[PDB]
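Read through the structure below, which is laid out as structure tokens, and then see the notes.
Scope of the values below: all heavy atoms of this structure, side chains included, with no hydrogens, waters or symmetry mates. The chains referred to below are lettered A, B, ... by the order of the sequence lines, with proteins before strands, and numbering in each begins at 1.
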Amino acid sequence: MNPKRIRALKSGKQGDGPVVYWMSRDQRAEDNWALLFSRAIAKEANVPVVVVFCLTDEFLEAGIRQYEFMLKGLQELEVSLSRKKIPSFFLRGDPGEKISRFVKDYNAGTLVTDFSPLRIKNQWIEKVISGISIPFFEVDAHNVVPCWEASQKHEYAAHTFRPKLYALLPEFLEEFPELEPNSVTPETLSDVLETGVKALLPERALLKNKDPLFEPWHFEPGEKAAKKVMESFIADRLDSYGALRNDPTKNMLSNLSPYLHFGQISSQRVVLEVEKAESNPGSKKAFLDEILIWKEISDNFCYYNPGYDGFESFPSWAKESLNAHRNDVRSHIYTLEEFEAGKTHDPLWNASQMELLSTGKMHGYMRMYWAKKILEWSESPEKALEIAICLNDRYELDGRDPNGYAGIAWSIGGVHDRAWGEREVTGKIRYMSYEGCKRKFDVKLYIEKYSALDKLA
DNA sequence: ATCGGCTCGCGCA
DNA sequence: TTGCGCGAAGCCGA
Ligand SMILES: Cc1cc2c(cc1C)N(C[C@H](O)[C@H](O)[C@H](O)COP(=O)(O)OP(=O)(O)OC[C@H]1O[C@@H](n3cnc4c(N)ncnc43)[C@H](O)[C@@H]1O)c1[nH]c(=O)[nH]c(=O)c1N2
């Protein structure tokens, strides 16, 4: 293993007890550097490795769609891990409180966790550091190149981040070793799933006839299913990807984001498999740029800008520009609730909101348009930001993610973009138009697909 | 230093 | 639709 993937959070003397991998971002047993590091620490100390996962109350802020997807994955993971004689413990409550107590009760010798740049994880990590006396390590298992190694500062643009990342790819793009089962031999999911579903039922998104909007058959959860999705992408869609990625009437994306978000598949694995596939060099290049440069610069953004979900993290040129247009008359102003229900004047905007409500995965091209029109038809840039984050995290399966905050900040605040022609309301922020979409794809077919969904509560 | 080059709309063929 | 050249625009880094 490359040691630059590990960072020490707290030093100390190893205990005589097991190695505890506090799993949080990377919910998978294969292709997982955090779990492979924990197992190796355990092997040379001659103790078992165990996995712990803390189910927090944050699920109440999203929907059944994300909760079920994640919990069904965990049910499959629990079996996979137990097949390698690795027990998994599912705690309920505040990780700051619960992880400390678990380490004490269970007499852990060493604590390991995976890496996320979101604020709340760093808050928990500092709470855990105060509650423990054993060594504490962090492993970047989500990025190909460890986030603190790729760059030491906020990267202004993809083209400044690209060479830094590619300079390190020969070193860090490598195969994964096998997870060795435990040799030393060492609250109930289903109850948790059923209890949480009952808590969320009053907030389910429903049609007029009381049927749920959400269609759960577009993405089967879990590690096994994720691998099939990757394989059928390489086999059927990667060749057309470069030419058709921006056409929402074609189902030509990898569809991997719900699995990448929950860590049910490793993007390093996807990159390995795509690198070795014989297909169109332009498609491979377009796809590797998205899953390497744009995904990992989103961790760069959140990790070096703690206010990544706020106006104040925009570049100065964009703050100045949007400020100067704060008093311009908006052509329309919608509330959160009229956006949410798809009640704007624009049938193409409404159709993308319908795709979001019913599938939980809006086409990537439409996310740019969707977010830019929220800025255009809301009373202020801060309200636009609020509305865009709220609908993104409530309804996207891949939401509550660095990629989301960075994509919204790109769309509304020009983060990782540049300045364009000055307009009213949106200032110098890059503009997108309904007529622009019409030159690029059959807008009418996309609208027609989602039209019959004004059947809304 | 100093300038080439970055993930839209629109006219046109 | 399809590709191209152009426009308007601020700034990083060889
Ligand atoms: C306003 C807005 C809002 C969001 C996002 C972008 C924008 C403009 N995205 C990013 C992107 O739209 C999304 O990852 C893909 O549409 C996911 O679909 P596929 O995996 O099929 O894409 P596709 O197969 O094209 O891409 C493969 C992977 O590359 C990465 N990638 C692609 N486009 C990216 C982008 N613009 N930024 C960062 N990484 C990118 C993602 O990991 C994606 O899963 C996002 N993504 C996400 O994971 N969670 C979210 O909440 C959102 N929400």
Handout entry: Bracket string, DNA chain C, 5' to 3' - pairs by Watson-Crick or G-U geometry under 3.5 Å, | interstrand
Key = .||||||..|||||
Practice task
Indicate whether OP1 or OP2 belonging to B:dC8 is found under 4.0 Å from a side-chain N or O atom of A:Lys372.
Solution key: no
Practice task
Give a yes/no on whether any side-chain N or O of A:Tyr369 is located under 4.0 angstrom from OP1 or OP2 of B:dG9.
Solution key: no
Fill in the blank from the handout: A:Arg162 atom CZ is separated from B:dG5 atom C1', nearest whole Å, by 12 Å
Completion exercise
C:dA9: pucker by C1'-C2'-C3'-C4' torsion sign, positive meaning north and negative south, is north
Distances under 3.5 Å between protein N/O atoms and the N/O atoms of nucleotides 10-13 of chain B, please, pair by pair.
from	atom 1	to	atom 2	distance (Å)
B:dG11	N7	A:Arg439	NH1	3.3
B:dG11	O6	A:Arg439	NH2	2.6
B:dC12	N4	A:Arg439	NH2	3.4

Exercise for the section: Quote, to the nearest angstrom, the P distance that separates B:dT2 from C:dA8. Expected result: 26 Å
Quick one: side chains of residues 149-157 of chain A, donor-acceptor pairs under 3.5 Å with protein atoms, not counting sequence neighbours, listed by atom name and distance.
from	atom 1	to	atom 2	distance (Å)
A:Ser151	OG	A:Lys153	N	3.2
A:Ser151	OG	A:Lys153	O	3.1
A:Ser151	OG	A:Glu155	OE2	2.7
A:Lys153	NZ	A:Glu155	OE2	3.2
A:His154	ND1	A:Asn305	ND2	3.1
A:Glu155	OE1	A:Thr160	OG1	2.6
A:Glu155	OE2	A:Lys164	NZ	2.7
A:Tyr156	OH	A:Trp317	NE1	3.3

Exercise for the section: Is it possible for you to check whether A:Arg394 lies under 6.0 Å from the centre of the six-membered ring of A:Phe339, through NZ or CZ, and within 45° of that ring's axis? Expected result: no
Practice task
Examine A:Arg330 relative to A:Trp377 and say whether NZ or CZ is less than 6.0 Å from the centre of the six-membered ring and inside a 45° cone about the ring axis.
Solution key: no
Handout entry: is_close_aromatic(A:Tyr303, A:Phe115), centroid dist under 6.0 Å
Key = yes
Problem - Between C1' of B:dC6 and CZ of A:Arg430, the distance in whole Å - result: 9 Å
Handout entry: N/O donor-acceptor pair under 3.5 Å between A:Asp401 side chain and A:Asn403 backbone
Key = yes
Exercise for the section: Test the A:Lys372-A:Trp349 pair against the cation-pi criterion, namely NZ or CZ under 6.0 angstrom from the six-membered ring centroid and within 45° of the ring axis. Expected result: no
Fill in the blank from the handout: Contacts of A:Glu337 meeting salt bridge (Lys or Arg N to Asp or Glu O under 4.0 Å) (sequence neighbours excluded), chain-then-number -> none
Handout entry: N/O (side chain, A:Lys438) to phosphate O (OP1/OP2, B:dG9) under 4.0 Å
Key = no
Exercise for the section: Tell me whether the centres of the aromatic rings in A:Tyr446 and A:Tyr450 are closer together than 6.0 Å. Expected result: yes
Exercise for the section: Just call it for A:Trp420: base, sugar-phosphate, or nothing, with non-hydrogen atoms closer than 4.0 Å on any strand. Expected result: base
Problem - Atom pair distance, as rounded to whole Å: CZ in A:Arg367 and P in B:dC8 - result: 17 Å
Problem - Value in whole Å for how far the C1' atom of B:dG9 lies from CE of A:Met432 - result: 11 Å
Handout entry: Outermost DNA chain C nucleotides near chain A [under 4.0 Å, heavy atoms]
Key = C:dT1 to C:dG13
Problem - A:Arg28 NZ/CZ over A:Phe262 ring centroid, <6.0 Å and within 45° of normal - result: no
Handout entry: Result of checking A:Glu320, A:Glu382, A:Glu379, A:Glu424 against A:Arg326 for salt bridge (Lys or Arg N to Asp or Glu O under 4.0 Å)
Key = A:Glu382
Fill in the blank from the handout: Residue pairs passing the salt bridge (charged side-chain N to carboxylate O under 4.0 Å, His left out) test with at least one member in residues 352-368 of chain A, sequence neighbours excluded, are A:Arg367-A:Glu396, A:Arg367-A:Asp398
Problem - Whole-Å P distance, B:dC10 and C:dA9 - result: 15 Å
Practice task
With north meaning a positive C1'-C2'-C3'-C4' (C3'-endo side) and south a negative one (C2'-endo side), sort B:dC10 into one of the two.
Solution key: south
Exercise for the section: Measure centre to centre between the rings of A:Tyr259 and A:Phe69, then say whether the value is under 6.0 Å. Expected result: yes
